Each structure stands twice: as C-alpha cells, then as structure tokens.
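Just so it is clear: chains get the letters A, B, ... in the order the sequence lines come, proteins before strands, and each one is counted from 1. Computed over heavy atoms, backbone and side chain alike; hydrogens, waters and symmetry mates excluded.
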There are 2 protein chains.
Amino acid sequence: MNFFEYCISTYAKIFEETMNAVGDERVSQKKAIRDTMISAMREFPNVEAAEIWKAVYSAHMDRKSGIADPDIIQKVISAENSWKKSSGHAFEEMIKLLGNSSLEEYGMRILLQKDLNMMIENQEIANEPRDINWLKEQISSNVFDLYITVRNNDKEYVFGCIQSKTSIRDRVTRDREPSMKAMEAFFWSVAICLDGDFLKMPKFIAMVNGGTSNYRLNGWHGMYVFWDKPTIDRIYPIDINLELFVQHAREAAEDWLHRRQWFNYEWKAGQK
Amino acid sequence: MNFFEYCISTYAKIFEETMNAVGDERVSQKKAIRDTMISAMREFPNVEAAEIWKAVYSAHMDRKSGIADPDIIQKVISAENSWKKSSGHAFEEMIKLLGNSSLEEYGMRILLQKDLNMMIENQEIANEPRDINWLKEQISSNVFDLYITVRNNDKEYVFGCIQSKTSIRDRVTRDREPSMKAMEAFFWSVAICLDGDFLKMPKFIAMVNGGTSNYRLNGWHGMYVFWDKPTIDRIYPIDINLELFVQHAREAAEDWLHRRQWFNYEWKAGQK
DNA sequence: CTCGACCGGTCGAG
DNA sequence: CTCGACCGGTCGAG
Ligand SMILES: [Ca+2]
Ligand SMILES: [Ca+2]
Ligand SMILES: [Ca+2]
Ligand SMILES: [Ca+2]
C-alpha cells in the first residue's frame, strides 16, 4: 500500500466507524482527518506531511462529492475561482454601460472605482479637497464598486457612491456600515442588486429601510433590485433600463449640488 | 430556444469572437458575460435576471472546466467548502492532541481558542486582568488558532499565542502583524506550518526572521515547519513529535514566568 | 514574476 | 432557523 492508498482507505474507515458510533458527521469527519494524518505520518515517515494532507483532502472530497478524479476537482475549482473574481467586475461594467447610455443626456456618468482613481490622479475631479481625500480612502479600502458624477459649470463632481452586488445574499451586513459612512459624508449612497431573495427575510428589508430596534436608521438612500416587486419604501424595482435609478440620480445630483447639507441619511428621492 | 440554451450559445459565440479579435481571454470572458446578460435580458424579458445570471455562470464554468453538468459542479463546490471550513479545525485539533501528550510532563498544555474562551468565562485563567482583557480581544478577532499555558503554584497561566496554518502560502503577510502585537504584549508568539514551499522565496524567510529593509524585525519568536530542512535562525524543523516546539515551550514558559520584561520580539530560544 | 481582493456552502454554536 | 468566519486560483495591474 502506498501512502495515498493508505490515506484513502483509512479516512473512509475511521469516518464510517466514528459516524456509526457517535452519529455526528462533522465530528466524525474531523476525527477521520486528524487521525488519518497522524496514522499516515507514522506509517509513512519519509513522505512529506503536505503530500499526506493532500491525500486526506482527496479522500474527504471523494466522500462528500462522489468524485475521486483529482483532475475534475481541480478544473471545477479553477473555473469557480475564475467566476468569483471576474463576474462581479463584469456586472459592474454592465451597470456602468447600461446606466451611462441613459445618464448622458442629463450630464451624469458612472465611473468604475479604477476610473475614479485615474481621474483623481489626473486632477479631473472638481470636488473640494476634503471630498477628494475621503474618496481616496474609499478607493483604498475597495468600499464602493461604482461612483457617479454630475457636470456643473464645466466641472465634474462625484456626488454618489454605489455598491453593485450579484448576490444580495450576505454581503449586506458588512456593506451597510460603509454606506452609512458615505451618507454621513453627504454623498448619495445606493446599492444595485441582482437577486432580491434575501429580502424575503424581514431582517433585510429592515437593514435597508431602518425603523426597527436592530436597525434604527436606513442603511442606504435607495436599493435598486432587479425584480418586479413594487417599491417598499427605499427598495425600488429596476430592470435592464435602470429607470428609477436614473430618475433618482437626477434628483440626487440636483440636491447634492444645491442643498448638500440636507443630504444625510434622511434624504429620500421623490419627496419634494 | 429557451433562455438557458440562449445563454450557453451566446456566451460561447461572443467569447470566441472577441478572443480571436483581441487575443485577451480575461477581457473576452468579461465581454461575453456582460453582453450575454444584456442580450438575454432583452430576448427573455419575463425571466428573472438572477436565473439568466445562473445560466451565464453555467456557460462560463463549462468553458473553463469542460464540465457542463451542474450537479458535478455543485457537489465539488459543496465538498471544497466543507474542507475549507473543517480541515483547519482538524489540523489545530491534531496539533493540540500531539502537543499535549508531550507537554503534560512539564506542566503545560495547548488550548483551542474556544477552550481558552470557556476557561476565561469560568475564571480558570490566572493571568493579570490586563492580560485577560487582551486575550479576550484576540479571541474576539479570531487572531490565534491555539494558546499554550503553564501551571505555576497551582494556577494556570496563558504564556503563548500560536498560529497553526495548513498552507504557509499566503496567510503569513496578514498573520505577521498580529503575531508582532502578541510579542509587544510579552507573549511567546509562534507559528506551526504544514508546508514550507513558500519559504523557497527569500521574502518569506525575511518575514519570519527579519533583518531586511522590507522586514526589519522578526515576525515571530519561532516558526515550526513540517519538513526536514535544517534550522534557519527562527525557522525550525518539526515532525509528528513536535520536538523543538516542545523544548522551546519549556524555555518560553520559564522566561515568561520569571523574566517577562525581556519577552519582546528579541527573545529567542536556546540562547542562554 | 508579485501581491492584495474576490466568493459562498459549510462549519459551529447558538 | 441565524449568522460570522473560513479558503485559494484567479483576476488585475503592476
Ligand atoms: Ca425612513
Ligand atoms: Ca420595465
Ligand atoms: Ca534576529
Ligand atoms: Ca524526527
């Protein structure tokens, strides 16, 4: 028996024995991992411990997926990690392309974070230095996916910060705090969401709109969701035309330019 | 053609056309993702945008893995995420079990973070309140995987903080700063590593041992690696018996108990 | 090459 | 049920 065969067979034995006896899969698989690693390092002292750990991984992956072929596994993980890093960029780019075709006629455009970074470096952004510094900090910490600007007196101003998520699933507990900081800094702060399934839970409606003990204030000025459900306070429906986002951006730009002192969290579109 | 067939065929077409023309796979796959999402939302207005995005995912995963079967993909990801969350726990538990069989005869034991959390809550840890508070902060932020204690005058003291990683690959740029804070707090701060391949790079030797412009000070008191390479300053070899870790723990406990003021980053085992 | 950031099913303990 | 933390090949721009 070579070390790899030994690990495969030993992990399976210890898992099965432990699971029949204690009836807890998570405890049993950890025991199988730990005890197979220890046993194999004893039975095979001259094999690198990292290689043994990889054989244990193989055994655990086979049990939990039914797939023993390390090439299949590698290929799926490679593809998944490709999607994980590129798809969010593709979706931001999509929003920018869709939004800019509509916003252009009102003097506005959406920028990627790297667009805004280059424009700040080329001194193309007219905001006050205090804003520029704050935006540079948001860019540094990768807080917002997109930014939106408005042209006024031949100068371009960033007035809004945008989170654009392909899953509204979970990221929103950690996305709310920086959105509230953007509202505190007197920027329009909004989110664009692909899937509204998470808003099934009352918790997530409360995270956006506020008004409960856990979530006293709204977390955004507006949340734009790709669905056909009617508006719930600051949770608005959009489709490929981004209509309410574009019409609210018009109003936000106006108020940011002319009455910015009232652009804290209380600001809401369509109230005038 | 239903929307799913449309997405599969359209992603493939746009990718291939764009890749032959511009010769950049990452640009081309993002264009295929963006333009297939837009095209499909137009061709299929009554399909939920999230479902379209899932069909685009399917197409991208098929191109990059060769696997079209969504069940295979789901099963591999499920298994991978199981390994990702449980294997690190199994390895910590393994170190605790291995270490404690040896350390017991010298009045020492290794605790999991959750062990130390329970013992602090049950007032079983004799450290000064200043230490207790600091440890509670480290537990809160999940900084260390394991802790080590020593019994003195019938009281148990935490004297060391331990990082225990199954890949020394990357985590170490982010693990160094909290280890240096533990040394600043006058605890023994060490790391136990499964795979030393990353120490091929001079950068990572420097991260542990210090003495360069990028890394002026050592990042740990000691790094214990499962390999047979001879000691490089504070990078020590171990196998399943953890020998140098156990012998250095003896010395660390002694010095923490009796001359703790000199247990900053400069402390090193075996120098007396 | 370097190197920081990305994700989401699962784990774990409520 | 809730809910915060885990990872590592890839992306992206050096
Ligand atoms: Ca309100
Ligand atoms: Ca419509
Ligand atoms: Ca030194
Ligand atoms: Ca040995």
Query - Within 6.0 Å of CD in A/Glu25, more than 12 heavy atoms from elsewhere - result: yes

Report task. Using a cut-off of strictly less than 4.0 Å, decide whether A/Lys64 has a side-chain nitrogen or oxygen near OP1 or OP2 of C/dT10. Result -> no

Requested in this report: Take A/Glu80 and B/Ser86, find for each the nucleotide of DNA chain C with the closest heavy atom, and name the residue whose nucleotide sits nearer the 5' end.
Outcome: A/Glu80

Report summary line: Of A/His89 and B/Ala90, the one whose nearest nucleotide on DNA chain C sits closer to the 5' end is A/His89

Query raised in the report: Which nucleotide in the set C/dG4, D/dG12, C/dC11 lies at the smallest distance from any side-chain heavy atom of A/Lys85?
Result: C/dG4

Report task. Please check if the distance between the ring centroids of B/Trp134 and B/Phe187 is under 6.0 Å. Result -> yes

Query - From C/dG12, D/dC6, C/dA5, nucleotide with atom closest to B/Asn142 side chain - result: D/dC6

Query raised in the report: When only distance counts, do a donor and an acceptor, one from the side chain of A/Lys84 and one from the base of C/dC7, lie under 3.5 Å apart?
Result: yes

Query raised in the report: Under 4.0 Å between a side-chain N/O of A/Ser78 and OP1 or OP2 of D/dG9, yes or no?
Result: no

Query raised in the report: Can you tell me how far P of D/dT10 sits from CD1 of B/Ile33, to the nearest Å?
Result: 15 Å

Query - pair B/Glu17-B/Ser28: side-chain heavy atoms closer than 4.5 Å - result: no

Report summary line: Between CG of A/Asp145 and P of C/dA5 the distance, given in whole Å, is 14 Å

Report task. State whether B/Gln29 places a side-chain N or O below 4.0 Å from either non-bridging phosphate oxygen (OP1 or OP2) of D/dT10. Result -> no

Query raised in the report: What's the CG-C1' distance between B/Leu112 and D/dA5, to the nearest Å?
Result: 16 Å

Report task. Check every atom of D/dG9, C/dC11, C/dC6 against the side chain of A/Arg26 and return the nucleotide holding the closest atom. Result -> C/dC11

Query raised in the report: Does a nitrogen or oxygen in the side chain of B/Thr173 sit under 4.0 Å from OP1 or OP2 of C/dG4?
Result: yes

Query - Proximity to the side chain of B/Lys203 - top-ranked nucleotide from C/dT10, C/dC3, D/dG9 - result: C/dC3

Report task. Go through C/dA13, D/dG8, C/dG8 for me and flag the one nearest to the A/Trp83 side chain. Result -> C/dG8

Query raised in the report: Is A/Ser58 close to A/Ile8 at the side-chain level, that is, under 4.5 Å between some pair of heavy atoms?
Result: yes

Query raised in the report: What is the distance, rounded to the nearest whole Å, between atom CG of B/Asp115 and atom P of C/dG12?
Result: 14 Å

Report task. May I have the distance from B/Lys165 (atom NZ) to D/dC7 (atom P), rounded to whole angstrom? Result -> 6 Å

**Report entry** Phosphate contact (D/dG8 OP1 or OP2) by B/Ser167 side-chain N/O below 4.0 Å
**Finding:** yes

Report task. Rounded off to whole Å, could you give me the NZ-to-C1' distance for the A/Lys30 and D/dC6 pair? Result -> 13 Å

**Report entry** Salt bridge flag under 4.0 Å for residues B/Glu156 and B/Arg109
**Finding:** yes

Report summary line: Contacts of A/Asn81 and A/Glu93 projected onto DNA chain D by closest heavy atom; the upstream (5') one is A/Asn81

**Report entry** Partner nucleotide of C/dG14 by Watson-Crick or wobble geometry (both distances under 3.5 Å)
**Finding:** D/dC1

Query raised in the report: Base, sugar-phosphate, or nothing for A/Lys75, non-hydrogen atoms under 4.0 angstrom?
Result: nothing

Query raised in the report: Would you call B/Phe144 and B/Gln113 a side-chain contact if the rule is heavy atoms closer than 4.5 Å?
Result: no

Report summary line: Whole-Å distance, B/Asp175 CG to D/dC7 P, equals 9 Å

Query - d(CG, B/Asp71; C1', C/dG9) in whole Å - result: 15 Å

